[PDB]
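Structure below is my_file_11.cif: mmCIF, C-alpha atoms and all ligand atoms.
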data_query
loop_
_atom_site.label_atom_id
_atom_site.label_comp_id
_atom_site.auth_asym_id
_atom_site.auth_seq_id
_atom_site.Cartn_x
_atom_site.Cartn_y
_atom_site.Cartn_z
CA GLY A 1 0.00 0.00 0.00
CA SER A 2 2.98 2.30 0.50
CA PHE A 3 6.39 1.94 -1.20
CA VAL A 4 7.77 5.49 -1.17
CA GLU A 5 11.17 4.06 -2.02
CA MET A 6 9.93 3.07 -5.51
CA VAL A 7 7.45 5.86 -6.28
CA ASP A 8 8.67 8.03 -9.16
CA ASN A 9 11.48 5.64 -10.15
CA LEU A 10 10.76 5.83 -13.88
CA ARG A 11 11.89 8.28 -16.55
CA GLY A 12 11.09 8.69 -20.22
CA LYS A 13 7.91 9.22 -22.23
CA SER A 14 5.81 7.71 -25.02
CA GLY A 15 7.52 7.48 -28.38
CA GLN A 16 10.96 6.83 -26.83
CA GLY A 17 10.07 4.62 -23.86
CA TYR A 18 9.80 4.47 -20.08
CA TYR A 19 12.85 3.17 -18.25
CA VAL A 20 14.13 2.28 -14.76
CA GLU A 21 17.72 2.34 -13.47
CA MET A 22 19.40 -1.03 -12.84
CA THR A 23 22.94 -2.21 -12.16
CA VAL A 24 24.50 -5.36 -13.58
CA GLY A 25 27.73 -7.13 -12.72
CA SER A 26 30.35 -6.71 -10.02
CA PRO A 27 31.35 -3.99 -9.45
CA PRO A 28 27.88 -2.66 -10.38
CA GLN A 29 27.59 -1.21 -13.90
CA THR A 30 24.72 1.28 -14.12
CA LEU A 31 22.32 1.04 -17.06
CA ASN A 32 18.89 2.44 -17.90
CA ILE A 33 16.49 -0.35 -18.80
CA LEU A 34 13.27 -0.01 -20.82
CA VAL A 35 10.21 -1.49 -19.09
CA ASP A 36 8.54 -3.86 -21.58
CA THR A 37 5.52 -5.93 -20.60
CA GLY A 38 5.25 -7.07 -24.20
CA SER A 39 8.31 -9.37 -24.13
CA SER A 40 10.18 -11.73 -21.80
CA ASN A 41 13.93 -11.30 -22.39
CA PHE A 42 16.27 -9.22 -20.23
CA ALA A 43 18.86 -7.76 -22.62
CA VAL A 44 21.46 -5.01 -22.67
CA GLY A 45 23.69 -3.36 -25.24
CA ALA A 46 27.14 -4.91 -24.77
CA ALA A 47 29.16 -3.13 -27.46
CA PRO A 48 29.47 0.44 -28.76
CA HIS A 49 26.51 1.76 -30.72
CA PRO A 50 25.80 5.28 -32.06
CA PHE A 51 22.73 5.62 -29.83
CA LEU A 52 24.30 4.21 -26.66
CA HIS A 53 26.06 6.39 -24.08
CA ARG A 54 27.17 3.26 -22.24
CA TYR A 55 26.88 -0.50 -22.32
CA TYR A 56 27.47 -3.77 -20.49
CA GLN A 57 31.15 -4.77 -20.22
CA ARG A 58 31.21 -8.46 -19.33
CA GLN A 59 35.01 -8.62 -19.08
CA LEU A 60 34.82 -6.16 -16.16
CA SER A 61 32.30 -8.16 -14.12
CA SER A 62 33.72 -10.77 -11.73
CA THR A 63 30.27 -12.39 -11.51
CA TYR A 64 29.62 -12.78 -15.25
CA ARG A 65 28.78 -16.36 -16.36
CA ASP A 66 28.97 -17.23 -20.08
CA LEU A 67 26.21 -19.63 -21.21
CA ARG A 68 27.94 -20.05 -24.62
CA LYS A 69 24.68 -19.72 -26.52
CA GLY A 70 23.39 -17.10 -28.93
CA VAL A 71 19.91 -15.66 -28.99
CA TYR A 72 17.81 -13.71 -31.50
CA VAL A 73 14.80 -11.58 -30.62
CA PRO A 74 12.46 -9.89 -33.13
CA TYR A 75 9.80 -7.37 -32.09
CA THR A 76 6.87 -5.81 -33.96
CA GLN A 77 9.47 -3.22 -34.90
CA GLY A 78 13.15 -3.74 -34.17
CA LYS A 79 15.30 -6.76 -33.40
CA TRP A 80 18.66 -7.77 -31.99
CA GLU A 81 21.07 -10.68 -31.65
CA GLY A 82 23.15 -11.32 -28.58
CA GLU A 83 25.08 -13.74 -26.40
CA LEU A 84 23.45 -15.38 -23.38
CA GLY A 85 24.93 -15.39 -19.91
CA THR A 86 24.04 -14.58 -16.30
CA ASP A 87 25.13 -12.00 -13.77
CA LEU A 88 24.01 -10.28 -10.57
CA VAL A 89 21.40 -7.54 -11.06
CA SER A 90 20.02 -4.89 -8.69
CA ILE A 91 17.50 -2.05 -8.93
CA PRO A 92 18.66 1.09 -7.02
CA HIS A 93 15.15 2.47 -6.59
CA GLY A 94 13.52 -0.92 -6.23
CA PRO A 95 13.51 -3.61 -3.53
CA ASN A 96 16.79 -3.98 -1.64
CA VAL A 97 17.84 -7.23 -3.28
CA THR A 98 20.30 -8.77 -5.70
CA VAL A 99 19.28 -11.52 -8.12
CA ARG A 100 21.29 -13.66 -10.53
CA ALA A 101 19.43 -13.36 -13.81
CA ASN A 102 19.75 -14.33 -17.43
CA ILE A 103 21.14 -11.49 -19.50
CA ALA A 104 21.36 -11.30 -23.28
CA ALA A 105 24.44 -9.26 -24.27
CA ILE A 106 23.35 -7.44 -27.43
CA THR A 107 26.09 -7.50 -30.05
CA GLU A 108 24.04 -6.60 -33.17
CA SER A 109 20.72 -4.74 -33.52
CA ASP A 110 18.41 -3.06 -36.02
CA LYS A 111 15.75 -0.38 -35.40
CA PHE A 112 15.93 -1.32 -31.72
CA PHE A 113 17.86 1.36 -29.85
CA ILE A 114 16.39 4.86 -30.01
CA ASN A 115 18.62 7.91 -30.32
CA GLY A 116 18.14 10.15 -27.28
CA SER A 117 15.94 7.70 -25.33
CA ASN A 118 18.59 7.39 -22.60
CA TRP A 119 18.02 3.62 -22.22
CA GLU A 120 20.54 0.86 -22.97
CA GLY A 121 18.64 -2.36 -22.35
CA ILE A 122 15.19 -3.89 -22.09
CA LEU A 123 13.44 -5.71 -19.23
CA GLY A 124 10.92 -8.17 -20.67
CA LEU A 125 8.37 -8.63 -17.89
CA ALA A 126 6.06 -11.11 -19.63
CA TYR A 127 6.19 -14.91 -19.20
CA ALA A 128 8.70 -17.63 -20.13
CA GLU A 129 6.39 -18.95 -22.81
CA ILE A 130 7.39 -16.12 -25.16
CA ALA A 131 11.03 -15.85 -24.14
CA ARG A 132 13.66 -16.58 -26.82
CA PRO A 133 15.20 -19.08 -27.62
CA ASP A 134 12.43 -20.85 -25.71
CA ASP A 135 10.62 -21.08 -22.40
CA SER A 136 13.74 -22.62 -20.85
CA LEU A 137 15.25 -19.13 -20.41
CA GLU A 138 13.83 -17.93 -17.09
CA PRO A 139 12.66 -14.28 -17.35
CA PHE A 140 13.97 -11.69 -14.89
CA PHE A 141 10.87 -11.34 -12.74
CA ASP A 142 10.62 -15.10 -12.33
CA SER A 143 14.22 -15.11 -11.03
CA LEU A 144 13.39 -12.20 -8.71
CA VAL A 145 10.44 -13.99 -7.13
CA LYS A 146 12.34 -17.28 -6.84
CA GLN A 147 15.46 -15.80 -5.28
CA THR A 148 13.85 -13.29 -2.92
CA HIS A 149 10.74 -12.66 -0.84
CA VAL A 150 9.46 -9.95 -3.15
CA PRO A 151 5.75 -10.72 -3.80
CA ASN A 152 4.86 -12.04 -7.26
CA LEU A 153 3.47 -8.83 -8.70
CA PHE A 154 4.32 -5.34 -9.84
CA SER A 155 2.46 -2.20 -10.85
CA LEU A 156 3.05 0.54 -13.38
CA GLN A 157 2.07 4.18 -13.53
CA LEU A 158 3.31 5.66 -16.81
CA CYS A 159 2.95 9.43 -16.87
CA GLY A 160 2.50 11.37 -20.10
CA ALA A 161 3.09 15.10 -19.65
CA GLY A 162 0.35 16.27 -21.99
CA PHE A 163 2.80 18.50 -23.87
CA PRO A 164 6.13 18.02 -25.66
CA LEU A 165 9.30 17.71 -23.57
CA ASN A 166 12.78 18.66 -24.70
CA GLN A 167 15.88 16.58 -23.93
CA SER A 168 16.75 18.37 -20.68
CA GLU A 169 13.12 18.26 -19.58
CA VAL A 170 12.68 14.51 -20.08
CA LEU A 171 15.94 13.91 -18.24
CA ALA A 172 14.94 16.10 -15.27
CA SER A 173 11.40 14.86 -14.78
CA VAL A 174 9.49 11.90 -13.40
CA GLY A 175 8.17 9.56 -16.06
CA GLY A 176 6.27 7.40 -13.61
CA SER A 177 6.50 4.49 -11.19
CA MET A 178 7.13 0.79 -11.27
CA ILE A 179 6.28 -0.60 -7.83
CA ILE A 180 7.97 -3.99 -7.56
CA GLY A 181 6.24 -6.43 -5.26
CA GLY A 182 3.29 -4.24 -4.42
CA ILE A 183 0.78 -1.45 -4.92
CA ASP A 184 1.05 2.20 -3.88
CA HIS A 185 -2.26 3.97 -3.23
CA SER A 186 -0.90 7.45 -3.99
CA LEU A 187 -0.63 6.52 -7.67
CA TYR A 188 -4.37 6.19 -8.32
CA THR A 189 -7.84 7.39 -7.36
CA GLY A 190 -11.10 5.48 -7.14
CA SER A 191 -11.06 1.71 -7.07
CA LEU A 192 -9.06 -0.97 -8.84
CA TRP A 193 -11.00 -3.21 -11.19
CA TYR A 194 -9.49 -6.54 -12.26
CA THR A 195 -9.61 -8.49 -15.48
CA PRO A 196 -8.29 -12.09 -15.80
CA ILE A 197 -4.96 -12.79 -17.47
CA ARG A 198 -6.37 -15.21 -20.07
CA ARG A 199 -3.11 -17.09 -20.48
CA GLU A 200 0.40 -16.56 -19.16
CA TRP A 201 2.51 -15.77 -22.23
CA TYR A 202 1.97 -12.10 -23.16
CA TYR A 203 -0.17 -10.29 -20.56
CA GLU A 204 -3.26 -11.30 -22.52
CA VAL A 205 -6.71 -9.98 -21.65
CA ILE A 206 -10.19 -10.14 -23.22
CA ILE A 207 -12.05 -7.07 -24.52
CA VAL A 208 -15.83 -7.62 -24.58
CA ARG A 209 -17.23 -4.30 -25.88
CA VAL A 210 -15.89 -1.05 -27.34
CA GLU A 211 -17.59 2.38 -27.31
CA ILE A 212 -16.83 5.74 -28.97
CA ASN A 213 -18.58 8.43 -26.86
CA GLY A 214 -20.89 5.75 -25.43
CA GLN A 215 -21.86 4.42 -28.87
CA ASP A 216 -21.26 0.69 -29.32
CA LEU A 217 -18.91 -0.19 -32.18
CA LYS A 218 -21.15 -3.27 -32.23
CA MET A 219 -18.74 -5.80 -33.72
CA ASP A 220 -18.56 -9.52 -32.96
CA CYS A 221 -16.44 -9.30 -29.80
CA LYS A 222 -13.94 -11.87 -31.11
CA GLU A 223 -12.87 -9.16 -33.56
CA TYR A 224 -11.62 -7.11 -30.59
CA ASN A 225 -9.22 -9.88 -29.57
CA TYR A 226 -8.73 -11.24 -33.06
CA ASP A 227 -5.58 -13.16 -32.60
CA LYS A 228 -5.14 -11.64 -29.11
CA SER A 229 -5.27 -8.53 -26.90
CA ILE A 230 -2.24 -7.67 -24.77
CA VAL A 231 -1.09 -4.99 -22.35
CA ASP A 232 2.27 -3.61 -23.49
CA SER A 233 4.24 -0.83 -21.82
CA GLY A 234 6.73 -1.07 -24.70
CA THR A 235 4.31 0.09 -27.38
CA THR A 236 3.32 3.74 -27.74
CA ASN A 237 -0.04 3.53 -29.53
CA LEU A 238 -3.33 1.80 -28.89
CA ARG A 239 -3.06 -0.68 -31.79
CA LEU A 240 -6.23 -2.36 -33.05
CA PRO A 241 -6.91 -5.29 -35.43
CA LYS A 242 -7.53 -4.02 -38.99
CA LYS A 243 -11.33 -4.47 -38.93
CA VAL A 244 -11.71 -2.84 -35.51
CA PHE A 245 -9.29 -0.01 -36.40
CA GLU A 246 -11.37 0.85 -39.47
CA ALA A 247 -14.65 0.83 -37.53
CA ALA A 248 -13.15 2.91 -34.72
CA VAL A 249 -11.60 5.52 -37.02
CA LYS A 250 -14.88 5.84 -38.91
CA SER A 251 -16.72 6.54 -35.64
CA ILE A 252 -14.04 8.90 -34.30
CA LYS A 253 -14.04 10.85 -37.58
CA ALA A 254 -17.85 11.14 -37.38
CA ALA A 255 -17.78 12.45 -33.80
CA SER A 256 -15.13 15.03 -34.67
CA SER A 257 -16.50 16.00 -38.10
CA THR A 258 -16.88 19.71 -37.24
CA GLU A 259 -13.18 19.84 -38.19
CA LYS A 260 -11.51 18.02 -41.08
CA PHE A 261 -8.07 16.45 -40.93
CA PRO A 262 -5.90 14.99 -43.73
CA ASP A 263 -5.66 11.22 -44.24
CA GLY A 264 -2.04 11.35 -43.12
CA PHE A 265 -3.29 12.40 -39.71
CA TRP A 266 -5.58 9.40 -39.35
CA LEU A 267 -2.74 7.19 -40.56
CA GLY A 268 -0.82 8.32 -37.50
CA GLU A 269 1.90 9.82 -39.69
CA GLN A 270 1.36 13.57 -39.73
CA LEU A 271 0.53 16.11 -37.08
CA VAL A 272 -2.39 18.45 -36.71
CA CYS A 273 -1.71 21.74 -35.00
CA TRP A 274 -3.80 24.40 -33.33
CA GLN A 275 -2.89 27.85 -32.02
CA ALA A 276 -1.32 27.55 -28.55
CA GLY A 277 -3.93 26.54 -25.99
CA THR A 278 -6.81 26.17 -28.46
CA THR A 279 -6.84 22.38 -29.00
CA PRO A 280 -10.57 21.54 -29.34
CA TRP A 281 -10.48 18.58 -26.98
CA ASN A 282 -14.28 18.58 -26.65
CA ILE A 283 -14.92 17.71 -30.29
CA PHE A 284 -13.03 14.42 -29.94
CA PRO A 285 -14.84 11.47 -28.30
CA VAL A 286 -13.83 9.41 -25.32
CA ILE A 287 -13.03 5.75 -26.04
CA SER A 288 -14.18 2.97 -23.71
CA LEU A 289 -12.84 -0.56 -23.61
CA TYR A 290 -14.91 -3.08 -21.63
CA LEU A 291 -12.90 -5.88 -20.07
CA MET A 292 -13.97 -9.26 -18.69
CA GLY A 293 -14.37 -9.08 -14.90
CA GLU A 294 -13.38 -11.65 -12.27
CA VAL A 295 -17.02 -12.32 -11.39
CA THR A 296 -19.03 -14.55 -13.72
CA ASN A 297 -20.98 -12.51 -16.31
CA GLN A 298 -19.45 -9.30 -15.03
CA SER A 299 -17.37 -6.73 -16.92
CA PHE A 300 -16.04 -3.24 -16.26
CA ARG A 301 -14.79 -0.48 -18.52
CA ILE A 302 -11.78 1.78 -18.88
CA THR A 303 -12.29 5.09 -20.63
CA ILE A 304 -9.60 7.28 -22.14
CA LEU A 305 -9.77 10.83 -23.50
CA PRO A 306 -8.32 12.46 -26.61
CA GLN A 307 -5.66 13.78 -24.22
CA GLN A 308 -4.50 10.14 -24.19
CA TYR A 309 -4.88 9.18 -27.86
CA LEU A 310 -3.64 12.48 -29.38
CA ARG A 311 0.11 12.39 -28.61
CA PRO A 312 1.84 15.77 -28.14
CA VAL A 313 4.71 16.43 -30.57
CA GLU A 314 6.81 19.53 -31.18
CA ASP A 315 6.06 21.51 -34.32
CA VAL A 316 9.15 22.11 -36.47
CA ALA A 317 8.45 25.84 -36.88
CA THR A 318 9.42 27.93 -33.84
CA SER A 319 5.63 28.24 -33.59
CA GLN A 320 4.00 28.28 -30.17
CA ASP A 321 1.44 25.89 -31.71
CA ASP A 322 0.19 22.77 -29.95
CA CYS A 323 0.57 19.82 -32.32
CA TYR A 324 -0.32 16.13 -31.98
CA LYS A 325 -0.19 12.82 -33.82
CA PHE A 326 -3.12 10.40 -33.83
CA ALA A 327 -1.87 7.59 -31.55
CA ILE A 328 -4.26 4.82 -32.64
CA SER A 329 -3.09 2.52 -35.45
CA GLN A 330 -3.85 -0.81 -37.11
CA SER A 331 -2.32 -4.14 -36.12
CA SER A 332 -2.11 -7.50 -37.87
CA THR A 333 -1.19 -9.21 -34.60
CA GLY A 334 -4.09 -8.38 -32.30
CA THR A 335 -4.95 -5.49 -30.01
CA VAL A 336 -2.07 -3.80 -28.21
CA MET A 337 -2.96 -1.63 -25.21
CA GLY A 338 0.14 0.53 -25.29
CA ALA A 339 1.07 3.76 -23.52
CA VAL A 340 -2.05 5.46 -24.94
CA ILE A 341 -3.97 3.23 -22.59
CA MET A 342 -1.41 2.91 -19.80
CA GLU A 343 -0.79 6.65 -19.33
CA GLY A 344 -4.45 6.91 -18.40
CA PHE A 345 -4.34 4.28 -15.66
CA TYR A 346 -2.37 2.76 -12.82
CA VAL A 347 -1.95 -0.85 -13.97
CA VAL A 348 -1.45 -3.73 -11.55
CA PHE A 349 0.16 -6.86 -12.95
CA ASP A 350 -1.01 -9.30 -10.27
CA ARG A 351 0.83 -12.41 -11.45
CA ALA A 352 0.13 -14.20 -8.16
CA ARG A 353 -3.62 -14.07 -8.77
CA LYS A 354 -3.39 -14.17 -12.58
CA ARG A 355 -5.15 -10.83 -13.10
CA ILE A 356 -4.51 -7.25 -14.22
CA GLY A 357 -5.94 -4.34 -12.30
CA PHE A 358 -6.86 -0.90 -13.62
CA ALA A 359 -7.51 2.31 -11.66
CA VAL A 360 -7.65 5.93 -12.79
CA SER A 361 -4.11 7.26 -12.78
CA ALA A 362 -3.18 10.07 -10.40
CA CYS A 363 -1.11 11.49 -13.28
CA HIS A 364 -3.38 11.17 -16.31
CA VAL A 365 -3.87 14.21 -18.54
CA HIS A 366 -7.37 15.68 -18.80
CA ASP A 367 -9.34 18.93 -18.72
CA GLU A 368 -11.98 20.56 -16.50
CA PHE A 369 -14.85 18.82 -18.27
CA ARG A 370 -13.79 15.15 -18.48
CA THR A 371 -11.45 12.64 -16.81
CA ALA A 372 -10.35 9.11 -17.67
CA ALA A 373 -12.44 6.50 -15.82
CA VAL A 374 -12.63 2.90 -14.66
CA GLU A 375 -16.19 1.87 -13.84
CA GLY A 376 -18.36 -1.16 -13.26
CA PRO A 377 -19.86 -3.64 -12.98
CA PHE A 378 -21.88 -4.38 -16.11
CA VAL A 379 -23.89 -7.54 -16.57
CA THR A 380 -22.21 -9.13 -19.59
CA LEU A 381 -22.78 -12.70 -20.78
CA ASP A 382 -20.74 -15.13 -22.90
CA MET A 383 -17.55 -13.11 -22.46
CA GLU A 384 -15.57 -16.34 -22.70
CA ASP A 385 -16.76 -16.35 -26.35
CA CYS A 386 -14.88 -13.10 -26.99
CA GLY A 387 -11.59 -14.94 -26.79
CA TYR A 388 -9.99 -15.99 -30.05
CA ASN A 389 -8.68 -19.54 -30.51
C1 LIG B 401 6.05 3.23 -24.53
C2 LIG B 401 7.05 2.94 -25.57
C3 LIG B 401 8.39 2.26 -25.56
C4 LIG B 401 8.93 2.26 -26.81
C5 LIG B 401 10.28 1.65 -27.11
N1 LIG B 401 8.03 2.91 -27.75
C6 LIG B 401 8.34 3.07 -29.20
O1 LIG B 401 8.43 1.84 -29.93
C7 LIG B 401 7.30 1.08 -30.10
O2 LIG B 401 6.17 1.46 -29.81
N2 LIG B 401 7.54 -0.14 -30.62
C8 LIG B 401 6.61 -1.22 -30.92
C9 LIG B 401 6.38 -1.23 -32.46
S1 LIG B 401 5.07 -0.20 -33.07
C10 LIG B 401 5.88 1.38 -33.24
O3 LIG B 401 3.99 -0.15 -32.08
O4 LIG B 401 4.69 -0.72 -34.36
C11 LIG B 401 7.34 -2.44 -30.49
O5 LIG B 401 7.70 -3.30 -31.28
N3 LIG B 401 7.59 -2.52 -29.13
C12 LIG B 401 8.33 -3.68 -28.57
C13 LIG B 401 9.47 -3.17 -27.62
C14 LIG B 401 10.54 -2.30 -28.37
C15 LIG B 401 11.57 -1.78 -27.35
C16 LIG B 401 11.28 -3.08 -29.47
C17 LIG B 401 7.46 -4.75 -27.85
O6 LIG B 401 6.88 -4.18 -26.68
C18 LIG B 401 6.30 -5.22 -28.76
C19 LIG B 401 5.94 -6.68 -28.47
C20 LIG B 401 4.51 -6.95 -28.94
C21 LIG B 401 6.88 -7.63 -29.21
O7 LIG B 401 7.27 -7.42 -30.34
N4 LIG B 401 7.22 -8.76 -28.51
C22 LIG B 401 8.10 -9.78 -29.13
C23 LIG B 401 7.25 -10.50 -30.22
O8 LIG B 401 6.06 -10.65 -30.08
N5 LIG B 401 7.96 -10.95 -31.33
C24 LIG B 401 7.31 -11.66 -32.45
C25 LIG B 401 7.24 -10.80 -33.75
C26 LIG B 401 6.33 -9.58 -33.56
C27 LIG B 401 8.63 -10.30 -34.13
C28 LIG B 401 8.71 -10.74 -28.07
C29 LIG B 401 7.63 -11.61 -27.44
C30 LIG B 401 9.79 -11.64 -28.71
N6 LIG B 401 6.87 3.36 -27.09
#

Could I get this structure in the form of structure tokens?
Ligand SMILES: Cc1cc(C)n(COC(=O)N[C@@H](CS(C)(=O)=O)C(=O)N[C@@H](CC(C)C)[C@@H](O)C[C@@H](C)C(=O)N[C@H](C(=O)NCC(C)C)C(C)C)n1
Amino acid sequence: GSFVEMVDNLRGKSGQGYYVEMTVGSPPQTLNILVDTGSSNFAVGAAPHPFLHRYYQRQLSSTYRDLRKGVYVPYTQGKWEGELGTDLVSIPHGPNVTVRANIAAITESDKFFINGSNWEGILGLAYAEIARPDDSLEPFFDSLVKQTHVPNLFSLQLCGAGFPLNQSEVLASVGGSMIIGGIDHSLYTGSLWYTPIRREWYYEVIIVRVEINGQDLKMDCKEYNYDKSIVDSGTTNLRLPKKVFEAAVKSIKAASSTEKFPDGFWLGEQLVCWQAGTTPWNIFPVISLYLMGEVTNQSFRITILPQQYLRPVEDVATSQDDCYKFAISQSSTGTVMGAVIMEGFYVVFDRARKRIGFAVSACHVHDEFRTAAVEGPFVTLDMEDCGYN
């Protein structure tokens, strides 16, 4: 309920990523690690790279163990190859422990590291099932729970600023919190509502209904989880299956039709700008995702605002304009509840009880007329049928 030691231990932002400080090896080598609930490999740059200010030097760690085995990991965008081994790992602003964990030493990569992101590795927090080479490589959190008394769960509060941040600003500000082993009540308001983790591979959940300003998209619910629906702190946008994306964009365009935007905007590629302070938030609809509840035939809903799905970006011109990119895009691999969703809520990854909790975030961006919300319950039947097989 109270872990002041870990509150505000994250830095970063959408687009580039949210990261936590970790140390690896002996003596401790400090590295910034991206928090990624969408994968299960712990990996770190281990050789010079144009975008890396530092990297893992195995030859300088007295505790480094070479597993003599290579590993390859591809992501929706980006990929890397590395060499497997183990070493001692600690988290300065996390529990006071030291765990021996598997570490992939990245030796080659493509479209993975991000210039200026300030992170040098990735912490895959999902399950062994999707770890590479296979489920035999124990993920970091599994090691943590097995080697310590830290409870089997963590929570994330990702904080979007609501406006663009320059390099010095992102470096000097709080990007959020990752509470390891517990929940901190100062990070949310209202109550926590839980949805079942369908299966332990990605953090998969089941969406049972979608609304645009209260109006039902009215699609066969399997379409919403077509292939799957996951919660991923390593993805910026709310990504939706092709059919759902098209239906959603049609409805969002209709609700905001008093103003017309170019196709490039809806494709998530180009920005739309308004005179400083005049963004017409009210013309854009709220989006509600209903999730299966823990009680039979019960569901709840999470609702985000345009302040969540319109991502702030700096306008090239020295203009004092407020510009944004549409942060909802299509996916051919299922729904991805990325930062667009996570910046609106405090998310509890309760692995012990196989469930994910959502509560309104104490740091979500909004205005005087609307706020993000988590509400329930709703009598919903045959939710099990919403899952895709
Ligand atoms: C917040 C935040 C953090 C970061 C780094 N961004 C910017 O990058 C992305 O949003 N990257 C997405 C691609 S996009 C722009 O939606 O199309 C992405 O691929 N994120 C991955 C992490 C980054 C650091 C490479 C991962 O979070 C996505 C996840 C679904 C994934 O690809 N998992 C892998 C996977 O499923 N691989 C199989 C196929 C897709 C190669 C694992 C299981 C091996 N936004």

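The shortest atom-to-atom distance to residue 326 (chain A), with only C-alpha atoms taken into account, belongs to A:269 out of A:211, A:142, A:269, A:343.
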
I want to know what sits within 6 Å of region 235-246 of chain A, based on all atoms listed in the file, with residues of the same chain fewer than 3 positions away left out; could you give that as a PyMOL selection string? chain A and resi 14-15+232+249+327-332+334-340

Fill in: Pairwise distance for CA of residue 262 (chain A) and CA of residue 284 (chain A), rounded to one decimal in Å
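It comes out at 15.5 Å.
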
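Distances here use all atoms listed in the file; by that measure, the residue among A:182, A:277, A:38, A:344 closest to ligand LIG 401 (chain B) is A:38.
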
Quick one: of A:106, A:302, A:205, A:183, who's nearest to residue 47 (chain A), counting all atoms listed in the file?
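Using all atoms listed in the file, the shortest distance to residue 47 (chain A) belongs to A:106.
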
Here CA of residue 184 (chain A) and CA of residue 148 (chain A) stand apart by 20.1 Å

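Atom pair atom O1 of ligand LIG 401 (chain B) / CA of residue 41 (chain A): separated by 16.1 Å.
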
Quiz item: Looking at all atoms listed in the file, which of A:8, A:110, A:87, A:322 is the one that sits closest to ligand LIG 401 (chain B)?
Solution: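 Closest to ligand LIG 401 (chain B) of all the choices is A:110.
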
So, counting only C-alpha atoms, which residue among A:89, A:271, A:20, A:35 is closest to residue 312 (chain A)?
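With only C-alpha atoms as the atom set, the closest residue is A:271.
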
Open item on the list: Residues contacting ligand LIG 401 (chain B) - anything with an atom at most 7 Å away, using only C-alpha atoms and all ligand atoms - can you give me those as number ranges by chain?
Closed with: A: 13-18, 34, 36-40, 73-79, 112, 122, 130-132, 232-237, 338-339

Using all atoms listed in the file, pick whichever of A:196, A:285, A:214, A:116 has the shortest atom-to-atom distance to residue 348 (chain A).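 Nearest candidate to residue 348 (chain A) out of A:196, A:285, A:214, A:116: A:196.
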
Coordinates of box centre and edge lengths for region 326-335 of chain A, 8 Å on every side, axis-aligned, as lines of an AutoDock Vina configuration file:
center_x = -3.1
center_y = 0.6
center_z = -33.9
size_x = 19.8
size_y = 35.6
size_z = 23.9

Fill in: Shell around residue 358 (chain A) at 8 Å using all atoms listed in the file, local window under 2 positions removed, as a ChimeraX atom specification
/A:192-194,302,345-348,356,360,374

Set the distance at 10 Å and use all atoms listed in the file: which residues neighbour residue 161 (chain A) once local chain neighbours fewer than 2 positions away are removed? I'd like the list as a PyMOL selection string.
chain A and resi 13-14+158-159+163-165+170+173-175+307+311-312+343+363-365

Q) Could you pull the residues within 8 Å of residue 52 (chain A), counting only C-alpha atoms, minus those fewer than 5 positions along the same chain, as a PyMOL selection string? A) chain A and resi 45+113+115+118-120

Which residues are close to region 91-105 of chain A, i.e. within 7 Å by all atoms listed in the file, leaving aside same-chain residues fewer than 5 positions away? Reply as a ChimeraX atom specification.
/A:5-6,9,21-23,42-46,82-86,138,140,143-144,147,180
